[PDB]
Structures are given as structure tokens and as C-alpha cells.
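First comes the structure, then the notes that go with it.
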Amino acid sequence: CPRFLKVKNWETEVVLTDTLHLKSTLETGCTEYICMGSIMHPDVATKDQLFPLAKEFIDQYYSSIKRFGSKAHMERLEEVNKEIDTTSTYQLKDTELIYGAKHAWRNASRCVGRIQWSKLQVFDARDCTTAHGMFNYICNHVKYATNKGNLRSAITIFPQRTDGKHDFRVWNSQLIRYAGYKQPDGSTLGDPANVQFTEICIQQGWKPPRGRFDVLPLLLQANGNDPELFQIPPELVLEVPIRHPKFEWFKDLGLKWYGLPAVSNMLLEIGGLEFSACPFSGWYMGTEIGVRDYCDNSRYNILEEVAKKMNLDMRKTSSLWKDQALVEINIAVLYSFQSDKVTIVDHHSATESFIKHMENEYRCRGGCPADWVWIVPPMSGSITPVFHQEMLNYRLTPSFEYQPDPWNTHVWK
Amino acid sequence: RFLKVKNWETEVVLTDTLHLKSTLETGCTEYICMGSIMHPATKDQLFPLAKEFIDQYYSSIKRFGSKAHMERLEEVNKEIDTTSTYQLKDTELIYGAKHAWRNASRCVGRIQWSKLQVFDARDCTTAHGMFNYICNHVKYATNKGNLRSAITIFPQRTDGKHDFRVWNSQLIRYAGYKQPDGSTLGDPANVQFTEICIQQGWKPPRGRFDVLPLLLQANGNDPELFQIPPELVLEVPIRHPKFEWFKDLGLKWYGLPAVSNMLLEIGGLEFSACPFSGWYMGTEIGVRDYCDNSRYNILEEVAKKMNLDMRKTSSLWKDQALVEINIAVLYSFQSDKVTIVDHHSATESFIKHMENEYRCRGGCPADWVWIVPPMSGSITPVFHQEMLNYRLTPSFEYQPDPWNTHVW
Ligand code: HEM
Ligand code: HEM
Ligand SMILES: Nc1ccc2ccc(CNCCCc3cccnc3)cc2n1
Ligand SMILES: Nc1ccc2ccc(CNCCCc3cccnc3)cc2n1
Ligand SMILES: C[C@H](O)[C@H](O)[C@H]1CNc2nc(N)[nH]c(=O)c2N1
Ligand SMILES: C[C@H](O)[C@H](O)[C@H]1CNc2nc(N)[nH]c(=O)c2N1
Ligand SMILES: [Zn+2]
């Protein structure tokens with residue numbers, strides 16, 4: 001591979017040089033003859049696989065704190081190697097755990113909010129042993145991160161995988177999501193994205209309210225045991241009713257959303273160690289709710305209803321009634337969050353901040369992996385600066401990874 | 001291996017086998033994706049490429065290995081020997097041009113690929129000749145507003161010293177003027193090309209929408225200026241169906257999008273001048289041409305007239321103004337009976353096209369970064385459609401601007 005790769009911004013003519021790609025550790029899915037950049041997703045580590053992965057990470061950590069090649073660096077390598085030899089695994093120091101988590105975020109090529117990467121509150125939950133304990137840790141996370149609307153990015157990290165038959169898993173895809181209910185007539189009540197998980201909850205004993213916005217219970221698996229159900233205290237669940245600054249009728253749609261996006265189904269990989277339960281949270285970009293959650297056909301799908309209330313001409317697509325309604329919904333979402341003083345960022349501000357972040361990273365780090373397909377917002381793409389920005393996508397470690405849904409792999413006891 | 005692409009909204013899964021046919025590179029590697037990078041002969045190289053192309057041509061007319069196929073390979077080989085190149089049959093030229101379009105991974109309009117009027121201009125020898133062929137193209141493709149896809153193909157490259165080039169990036173474009181006060185009048189994208197025309201003798205009206213002259217290079221000679229007869233140049237005054245002040249913006253655009261700076265590659269042969277044209281998708285004008293910061297950049301003026309609150313980005317004043325502008329463009333073209341497609345209809349057609357190609361061809365190379373429209377991305381079906389991108393030949397390729405390689 002060439003030592004220097006250039007990316008250009010076609011709007012500003014700014015040209016940046018990437019050297020960080022040389023540190024790429026994993027496959028992208030692409031080859032020299034095919035690109036899989038729009039593909040959504042294109043038994044443990046052995047002692048011998050683990051050694052060089054741990055060293056890679058430890059070296060990186062000591063290089064970051066400007067103690068590379070120091071006595072403490074050499075001692076740490078030695079202690080880690082000993083631990084791998086005698087136990088087939090090792091334990092991260094608190095400092096290394098914090099470094100790894102922050103860097104997994106820094107390295108997340110699909111994330112547009114990475115300007116914030118170094119301000120991440122890391123909660124060490126590696127002493128956790130039961131689902132009740134996981135529930136305690138999760139509640140504390142939600143309350144801290146919510147902060148009465150002044151949201152603070154946080155991650156809570158549960159014990160790493162051992163043999164793979166003792167995984168900690170949060171079965172929820174996010175800590176706070178709304179139930180979806182398939183009706184016998186084929187219609188869906190609530191959020192169609194969550195139908196399968198909802199059915200699992202109901203089977204595990206959850207009594208569903210059967211509303212449009214029912215917060216789902218936590219389904220928590222500790223140490224490989226069968227998962228258990230917990231209700232999040234509703235006072236911990238901050239919600240924002242959606243209204244529009246102009247259209248008084250908008251509130252009559254009865255929409256609302258939760259303040260805290262808290263993804264809970266990803267795997268955090270640090271130095272060859274795998275943390276299969278590591279829920280993390282930031283705050284929303286408005287389009288995630290206003291475009292995707294509300295306007296996706298397979299989601300709440302409200303464009304038509306909004307369009308009808310707006311008295312739009314809905315017979316020709318070329319009236320752009322869909323686009324017109326989509327903007328007003330996104331205006332309402334931002335307006336409702338800002339009014340209730342709940343942190344939210346519009347797509348214009350987020351993408352402008354991301355460009356600045358990316359430029360800083362190119363300067364201080366030699367690059368910034370970025371997945372254009374994901375970074376460009378789902379509405380008004382070219383009127384944001386990221387649309388015009390060439391990006392290079394590659395996989396650095398530590399990293400957040402996808403993992404199979406736990407109900408597909410779980411051995412029921 | 002067979003590769004599956006999924007639509008995450010419809011759950012439809014397609015299976016790609018066609019990618020196994022590609023031999024050209026994408027720019028990506030196993031470790032680095034360059035999907036968002038804009039741009040990532042000899043007799044000895046020539047014959048396998050020719051053979052490859054003749055083979056797929058005869059395979060496409062269901063006569064692979066026929067007497068005709070065999071004589072053709074023989075003839076081509078003989079010709080590459082004695083002449084260092086070869087000439088395509090008419091049937092082959094047309095097949096090659098339609099397939100270059102069919103294989104254009106960045107084009108959302110490909111459902112139309114087999115409907116392409118091919119104009120053979122390979123007998124052309126002078127810039128006046130090129131001008132004649134180009135006028136005929138424009139008149140044919142414009143068709144009084146009922147636009148028809150067309151391509152005009154000028155002689156292929158020989159030694160690199162005698163290239164035919166259309167210096168314009170499109171046959172019809174607006175001039176851009178660098179003003180004393182440092183602002184730009186007209187289209188900033190064309191400031192440089194405009195300066196070259198001016199230096200070559202063009203007398204500029206110095207307006208906001210001055211149609212550029214053609215600058216035509218034949219057989220490696222210095223380019224020559226030509227004015228396209230104005231009655232051939234179809235234009236649309238942009239107005240809004242609700243905002244009666246919109247017409248007062250003084251906006252217009254031309255109805256015919258006719259890209260003239262690409263290189264058509266067929267069977268090893270390179271056609272450095274192959275202007276082609278279809279019709280507009282509305283966002284090309286309403287989002288990119290009008291609203292890019294580096295183009296006409298009108299959002300602020302429009303938002304003003306809509307009396308929007310422009311102090312905070314989170315009022316989405318930009319998005320509101322953007323939608324209204326695109327409504328105006330579609331409305332204006334439709335009212336003037338000039339062919340245009342909105343991005344909803346275009347992307348729907350593209351999904352149907354993909355479905356067709358997978359069924360009959362085993363796949364469809366597609367560049368998501370380019371296929372998804374520059375506004376309202378996820379409310380169009382292609383946003384949710386996984387796509388595989390790979391390079392098939394015949395193809396359209398980028399080439400250097402002639403003013404960076406030309407000796408006068
Ligand atoms: C603090 C404010 C944050 C903002 C505004 C933000 C924004 C976003 C957005 C808009 C996406 C695309 C989401 C989608 O369309 O589904 C995303 C993806 C992602 N974010 Fe961030 N994020 C933030 C914080 C975080 C934090 C704290 C982490 C981890 C520590 C993180 C890690 C990720 C990862 C791994 C993805 C890829 C998700 C996937 O592939 O499904 N983000 N982010
Ligand atoms: C008939 C109606 C057509 C429509 C609606 C259409 C639509 C589009 C659009 C919207 C783009 C993206 C261009 C941009 O954003 O700058 C594109 C790209 C492209 N089109 Fe089509 N197109 C049409 C016809 C054609 C024809 C007739 C040809 C060739 C014979 C063609 C070949 C291409 C190629 C090669 C690209 C990629 C250009 C590049 O890489 O810069 N298209 N098309
Ligand atoms: N505001 C934020 C911050 C961080 C986020 C991290 C992740 C996500 C959502 N990822 C959604 C994946 C959706 C999906 C669907 C089907 C298959 N794979 C993935 C949002 C964030 N938002
Ligand atoms: N409606 C149509 C039909 C066919 C088209 C073919 C091409 C294009 C535009 N190509 C734009 C490339 C712009 C660019 C700028 C800088 C570097 N590389 C490329 C539009 C079409 N529209
Ligand atoms: C097919 C395509 O890869 C898929 O729809 C992607 C496109 N880009 C995205 N970008 C973001 N931020 N989030 C998404 O869910 C997606 N979905
Ligand atoms: C950097 C990025 O590749 C560039 O801005 C691309 C993005 N997608 C595009 N898509 C289309 N249709 N046309 C374009 O000019 C671009 N520009
Ligand atoms: Zn790629």
C-alpha cells in the first residue's frame with residue numbers, strides 16, 4: 001500500500017494526506033475488484049492469537065502516554081504475557097480500559113459525533129456477576145448520561161468474554177426503545193423495528209401495555225445465564241413530546257421520543273479482549289429521529305399523515321410533498337428538544353463539527369477513518385459539508401463491532 | 001463467490017454473479033475503501049481487449065463461436081497487426097455505447113440504457129465537422145422538449161497527438177466571470193473554461209446565464225470557437241407554483257444535459273470525444289447547480305424571500321428553501337413540456353432496473369454514493385438498497401482537461 005493517500009474536499013479544495021491507514025488491522029469487505037461500501041455488514045481467542053493483539057494494544061497505549069519503551073511499558077508487556085500464558089487471557093488496567101473505550105469511539109468510522117471522543121465517562125462494571133447487578137449499573141449509567149437533559153456521553157463496560165459460554169449480553173439493541181406489536185390484521189402498533197424483541201420480552205413474562213410508545217424492559221444476561229427482565233424506573237426515562245413552532249396541530253399527532261440514544265448490542269474489542277456487553281450513549285442528531293425513526297416506511301412512517309395535515313398535494317411525487325413534510329417534522333423534533341432543554345444537534349452543526357474534527361485528526365493523528373455512506377445525513381446531503389468531503393474508510397482497533405443477536409446463539413439452561 | 005445485496009426496507013435479497021466478470025480495479029483494497037473518492041496503447045495490450053469485447057458481443061447476439069464470430073476475431077487480429085489498431089463495425093459501436101451506459105455504476109438513469117440513439121461521427125476530420133455533428137445531436141436530443149437520449153462518437157484515439165476533444169465539460173453550460181470585487185458572476189464551475197474562451201476570441205455578454213460557445217479540437221489541432229445556434233438551445237425560466245416572487249429571481253436553466261468531456265472505452269479503443277445526453281433529474285439543477293456553495297449558491301437569497309428565520313441552523317431554513325427551489329424546477333420544466341424526472345420517480349425506476357439486471361444479467365454495478373440523491377436521501381428507495389460497485393467494460397471514464405495536456 002502507498003504510504004500517503006490524499007483526500008480532497010471538492011467544495012473548499014482542501015487536500016488532506018492520510019498515513020494512519022497503514023495501521024489498519026481488519027478487512028473492510030472490499031477488494032481490488034469490488035467495493036462493498038454500501039453493504040451494511042460485510043469459540044474464543046487462543047493464547048497465540050492473543051499475544052500479538054495484546055502487545056499491539058499495549059504498545060499503542062504506552063505510545064499515547066509518551067512512555068513508549070519505558071521500564072513500565074516493558075514491565076506491562078511482561079506481566080500481560082505471563083497472564084496470557086498462565087490463564088489464556090488477561091485483565092486490562094483501569095487506565096487502559098478507559099483509553100481503549102475512548103479509542104474505539106475515536107475509531108468508529110460511521111460516527112459523525114466523534115469530535116466528542118475524548119470526553120467519554122467510562123464506567124468499569126467488570127466486577128458485575130448477576131443480571132440484577134447489570135441492572136444497577138445500567139440505571140446508574142442512564143441517570144448519569146441523562147443529567148436532567150444536559151446529556152453526557154458514557155459507556156458502561158461489563159466483564160469480557162472468557163470461554164464464550166459465559167457472555168454478558170444486553171439483549172436490547174438500545175437501553176431505551178419503544179415496543180412494536182404485530183396485529184392479527186397485519187398492521188403494527190408502536191415501532192415495527194422492535195417487533196421481534198418485543199415478542200421475546202412478552203414470552204419471557206413481560207406484560208405489554210400495548211401502546212404506541214411503550215418503553216421496553218431490559219433483558220439482561222449475566223455470565224452466560226438465561227436473560228432476566230427489568231423495568232427501567234420511568235423517572236429515569238427522559239422523553240420529549242414533539243410539537244412544531246408554527247403548526248399548532250402538530251402536537252395532536254401525539255408523537256414523542258426518548259432523549260437518550262444508548263446502543264447496547266455492540267461488542268467492544270480492546271487488545272484482543274472482547275466485551276460483549278458495553279452499552280454506550282451520546283445524544284441525538286435530529287435526523288435520526290425526524291428522518292429515520294419517524295419517516296422510514298418500515299418505522300413510524302408518518303409522512304402521509306403529516307402531509308395531510310399540511311394540506312399538501314399528494315397525487316404527484318413531483319410536488320415534493322414528501323420532502324416538504326420531512327423538513328417540517330425535522331423542524332419540530334429540533335424545536336421540541338431545544339424547548340425542553342434536552343441536548344440535540346442538527347445535521348448542519350454536526351457535520352460542520354465533524355469536518356473540523358476530521359481535519360484536526362488528519363493533522364494530529366495522520367488520518368481519520370470515515371464511512372461517507374453513514375456520515376452524510378439522511379436528508380439534504382449536499383447542503384452539508386460532509387457530502388463534498390472525500391473520505392477513506394478503514395478499520396482500526398480498539399473498535400466497536402457488530403455481533404449476532406443473542407437469542408440466535410443462546411443456549412437455554 | 002456469489003454475493004447477496006439486501007434492501008433493508010423491502011427485505012428483498014438479490015444475488016450478484018456478474019461481478020465475477022470484472023477485471024478492472026475499483027480503487028479499494030481489502031483494508032481500505034475508497035468508495036467516496038471522486039477519481040481513485042500497444043498492439044500487445046490491444047488484442048486481448050478486442051477479443052474480450054468481440055466475444056461478449058457475439059455472446060450477446062447468441063452466436064458465440066459462430067462462423068461470423070470466428071471471421072471477426074481473425075479480421076480484428078489481422079488489422080491490429082498491420083495497422084496497430086482496428087475499427088469497430090457499426091453494430092459493435094452501437095452495442096458498445098449502449099453497454100458503456102449500462103455499465104455506468106454512477107448513473108441512476110440506466111433503466112433507459114437500451115434506448116440510446118448512436119450517432120457515428122468517426123468520419124469527422126475538422127472542428128467545423130465536429131460542430132455540424134454536435135448541432136445535429138443537440139437538435140435531435142432536444143426534440144422540442146421531448147428529450148431523447150443520444151451520443152455522438154468522434155474518431156478514436158490513435159497516437160495521443162491527434163485526439164478529438166470537446167473542450168466544454170457539457171455542450172450547453174453557462175459562463176462564469178471573476179469580478180473585480182472578487183465575487184463571481186454566473187457559474188463559478190466554469191470560470192476557468194470561460195477565461196479560455198475569452199482569451200481565444202469569445203466576446204462575453206457578461207451576464208448570469210450566458211451560454212458558452214463550443215470549443216472544439218479535431219485531430220490534435222488547436223481548438224476552435226463556435227456559437228450554438230440559439231434556436232437549438234432550449235431553456236426554462238424557473239418559477240414557483242405558489243410563490244409569485246420566485247420568477248423575479250431571474251433564474252433559468254437549459255433543458256439538455258449533454259456531458260462532453262468523458263472518454264468512451266470499447267474493446268481497447270478510446271473515444272476521447274463522445275458527447276452524450278439524456279435528460280435532467282430535478283435535483284441536479286435544484287440542489288447541486290443552484291444550491292452548492294461553490295455554484296450559483298442561491299439558498300440565502302431564496303430563504304430571504306421566504307422570510308425564514310436564518311439566525312440558527314436548527315431552524316432548518318436551508319432545508320426549507322432547498323425543497324421550494326426543487327419544487328420550482330420540476331414545476332417549471334413540466335409546465336414548459338420539457339422532459340425532467342424527480343428524484344423519487346428516478347430512484348424508483350432505478351430499483352426496478354436493478355431488479356431487471358439481476359434477473360437477466362446476474363447483477364448491476366452501482367455506486368451508492370452517486371445513486372442516492374443529494375436531498376431527501378432516505379425517503380428514496382435507493383438509500384435502503386445495498387449495492388455492489390465494480391467496473392465492467394465497455395465504459396465511460398474520466399480524462400484530463402485538454403488545457404493541461406495540449407500543446408498549441
Ligand atoms: C455524543 C454525541 C454523538 C452523536 C451526535 C453521534 C452520532 C452518531 C450518528 C448520527 C450515527 C449514525 C447512527 C445511525 O444512523 O444509526 C452514529 C453511529 C455510531 N456511533 Fe456515534 N454519536 C455520538 C456518540 C457516540 C458514542 C458516545 C459512541 C461510543 C462510545 C458512539 C459510537 C458510534 C458507533 C460505533 C456508530 C456506528 C453504529 C453502527 O454501525 O450501527 N457514538 N453516531
Ligand atoms: C436519460 C436520462 C438520464 C438521467 C435521468 C440520468 C441521471 C444521471 C444522474 C443524476 C447522474 C449523476 C450525475 C451528477 O450528479 O453529476 C448520472 C451519471 C452518469 N450518467 Fe446518467 N442519466 C441519464 C442518461 C445518461 C446517458 C444517455 C448516458 C450515456 C450514454 C449516461 C451516462 C452516465 C455516466 C457515465 C454517469 C457518471 C458520470 C460521472 O462519473 O461523472 N447517463 N446520470
Ligand atoms: N446519536 C447516536 C449516537 C451513537 C449511535 C450509535 C449507533 C446508532 C444506531 N445504529 C443503528 C444500526 C441499525 C441497524 C439496522 C439493521 C442492521 N444493522 C444495524 C445510533 C447512534 N446514535
Ligand atoms: N441528467 C444527466 C445525464 C447524464 C449525466 C452524466 C454526467 C453528469 C455529471 N458528471 C459530473 C461530474 C462532476 C465532477 C466534478 C469534479 C470532478 N469529477 C466530476 C450528469 C448527467 N446528468
Ligand atoms: C444500504 C445502505 O448501506 C443502508 O441503507 C445505510 C445507508 N447509510 C446509513 N447511514 C446511517 N447513518 N444510518 C443508516 O442506517 C444507514 N443505512
Ligand atoms: C466526496 C464525494 O464523493 C462527492 O461529493 C460526490 C458524492 N456523491 C455524488 N453524487 C452525485 N450524483 N454527484 C456528485 O457529484 C457527487 N459527489
Ligand atoms: Zn470500497
Side-chain angles (χ1 to χ4, degrees), chain A residues 7-11 37 39-41 100-117 119-122 145 151-157 173-174 177 193 259-268 278-289 291-293 296 298-299 343-347 349-351 353-354 370-378 381-382 384-391 398-402 405, chain B residues 6 8-9 34-40 106-108 281 283-284 287-289 292 294 343 346 367-374 377-378 384:
Chain A
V7 298
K8 179 167 176 183
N9 185 296
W10 288 87
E11 172 157 276
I39 299 304
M40 205 167 333
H41 327 106
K102 281 175 183 192
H103 278 74
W105 184 9
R106 189 181 191 182
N107 293 340
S109 69
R110 290 169 167 184
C111 177
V112 70
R114 284 178 280 167
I115 196 171
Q116 284 293 327
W117 73 270
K119 307 149 185 169
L120 175 68
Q121 185 57 50
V122 179
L151 321 183
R152 297 182 287 201
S153 69
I155 180 155
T156 287
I157 301 170
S173 52
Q174 306 183 21
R177 290 202 84 180
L260 190 74
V263 171
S264 56
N265 59 356
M266 292 191 87
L267 183 144
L268 163 60
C278 59
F280 60 83
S281 59
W283 52 80
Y284 268 118
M285 190 162 73
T287 54
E288 294 183 77
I289 305 171
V291 186
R292 306 301 312 284
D293 302 326
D296 269 8
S298 69
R299 299 291 305 280
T343 304
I344 192 159
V345 66
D346 66 77
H347 49 290
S349 168
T351 55
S353 294
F354 183 76
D371 184 337
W372 193 100
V373 164
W374 276 63
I375 297 283
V376 177
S382 69
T384 62
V386 293
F387 181 97
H388 305 270
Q389 179 67 53
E390 289 184 338
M391 301 172 190
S399 66
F400 292 110
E401 303 283 350
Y402 288 133
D405 291 324
Chain B
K6 175 176 172 174
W8 290 89
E9 163 176 273
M34 293 189 184
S36 61
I37 305 299
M38 183 99 48
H39 318 120
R106 290 173 165 176
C107 176
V108 72
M281 182 164 73
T283 51
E284 290 184 80
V287 183
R288 303 302 310 283
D289 296 334
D292 275 4
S294 58
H343 50 294
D367 189 336
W368 194 99
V369 171
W370 284 64
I371 292 294
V372 177
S378 66
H384 303 275

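Both ligands and their constituent atoms are indexed starting at 1 by order of listing. Proteins get letters first, then strands, A, B, ... in listed order; numbering begins at 1 in each. Just the heavy atoms: all of them, side chains too, but no hydrogens, waters or symmetry mates, feed the values below.
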Name the closest protein heavy atom to [atom], giving the residue it belongs to and the distance to 0.1 Å.
atom: atom 29 (C) of ligand 1; result: A:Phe280 CD1, 3.2 Å
atom: atom 11 (C) of ligand 3; result: A:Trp374 CH2, 4.6 Å
atom: atom 15 (C) of ligand 3; result: A:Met40 SD, 4.2 Å
atom: atom 8 (N) of ligand 6; result: B:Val369 O, 3.0 Å
atom: atom 4 (C) of ligand 3; result: A:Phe280 CE1, 4.3 Å
atom: atom 13 (C) of ligand 1; result: A:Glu288 OE1, 3.8 Å
atom: atom 12 (C) of ligand 1; result: A:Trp374 CE3, 4.0 Å
atom: atom 3 (O) of ligand 6; result: B:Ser36 O, 2.7 Å

4.5 Å side-chain heavy-atom contact, [X] and [Y]:
X: A:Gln174; Y: A:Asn265; answer: no
X: A:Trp105; Y: A:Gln116; answer: yes
X: A:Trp372; Y: B:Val369; answer: yes
X: B:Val372; Y: B:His384; answer: no

Ligand-side contact atoms (ligand 6) for residue partner [X], heavy atom cut-off under 4.0 Å:
X: B:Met38; result: 4 (C)
X: A:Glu390; result: 1 (C)
X: A:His388; result: 1 (C), 5 (O)
X: A:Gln389; result: 1 (C)

Atoms of ligand 3, numbered as shown, that sit under 4.0 Å from any heavy atom of A:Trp283: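 By the 4.0 Å cutoff, the relevant atoms are 1 (N), 2 (C).
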Residue A:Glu288 vicinity, atoms of ligand 3 by number, heavy atom under 4.0 Å: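 Here the atoms of ligand 3 in question are 1 (N), 2 (C), 20 (C), 21 (C), 22 (N).
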Region of A:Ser281 engaging ligand 1 - heavy atom pairs below 4.0 Å: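 Just the backbone.
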Contact partition for A:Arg292 relative to ligand 1, non-hydrogen atoms under 4.0 Å: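 The answer is neither; A:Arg292 stays 4.0 Å or more away.
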For [atom], state which one of [options] supplies the nearest heavy atom.
atom: atom 1 (C) of ligand 6; options: A:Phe387, B:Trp368, B:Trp370; result: A:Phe387
atom: atom 35 (C) of ligand 1; options: A:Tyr284, A:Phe400, A:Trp117, A:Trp283; result: A:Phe400
atom: atom 9 (C) of ligand 3; options: A:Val263, A:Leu260, A:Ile344; result: A:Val263

Derivation of the side-chain contact (heavy atoms from CB on, under 4.5 Å) call for A:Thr287 and A:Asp346: CA-CA 7 Å; A:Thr287 54; A:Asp346 66 77; over 6 Å; no
Geometric class of the A:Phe280/A:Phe400 ring pair [parallel <30°, tilted 30-60°, perpendicular >60°]: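 If you compare the ring of A:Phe400 with that of A:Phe280, the planes turn out tilted.
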B:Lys6 charged N/C atom sitting above B:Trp8 aromatic ring, 6.0 Å / 45°: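 Judged by the rule, B:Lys6 and B:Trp8 form a cation-pi pair.
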Contact partition for B:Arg288 relative to ligand 6, non-hydrogen atoms under 4.0 Å: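 Looking at B:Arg288 and ligand 6, just side chain atoms fall under 4.0 Å.
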Sub-4.0 Å heavy-atom approach of A:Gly282 to ligand 3: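 No, A:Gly282 has no heavy atom closer than 4.0 Å to ligand 3.
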Non-hydrogen atom of A:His41 closer than 4.0 Å to ligand 3: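 A:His41 counts as a contact of ligand 3 under the 4.0 Å cut-off.
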Backbone N/O of A:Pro398 and side chain of A:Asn107: donor-acceptor pair under 3.5 Å: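 Checking the backbone N and O of A:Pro398 against the side chain of A:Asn107, a donor-acceptor pair under 3.5 Å is found.
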Donor-acceptor contact present, side-chain A:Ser349 to main-chain A:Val345, <3.5 Å: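 Judged by distance alone, no pair lies under 3.5 Å.
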Atoms named by residue and atom, protein N, O or S, within reach of atom 21 (Fe) of ligand 1 (under 2.8 Å):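 Listed by chain and number, the nearby protein N, O or S atoms are A:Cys111 SG.
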Atoms of ligand 1, numbered as shown, that sit under 4.0 Å from any heavy atom of A:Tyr402: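 In order of number, 39 (C), 40 (O), 41 (O).
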contact_flag A:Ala101 ligand 1 heavy-atom lt 4.0 Å: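 Per 4.0 Å heavy-atom rule, A:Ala101 does not contact ligand 1.
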Nearest protein heavy atom under 4.0 Å from atom 13 (C) of ligand 3, yes or no: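 For atom 13 (C) of ligand 3 the answer is no, since every protein heavy atom stays at 4.0 Å or beyond.
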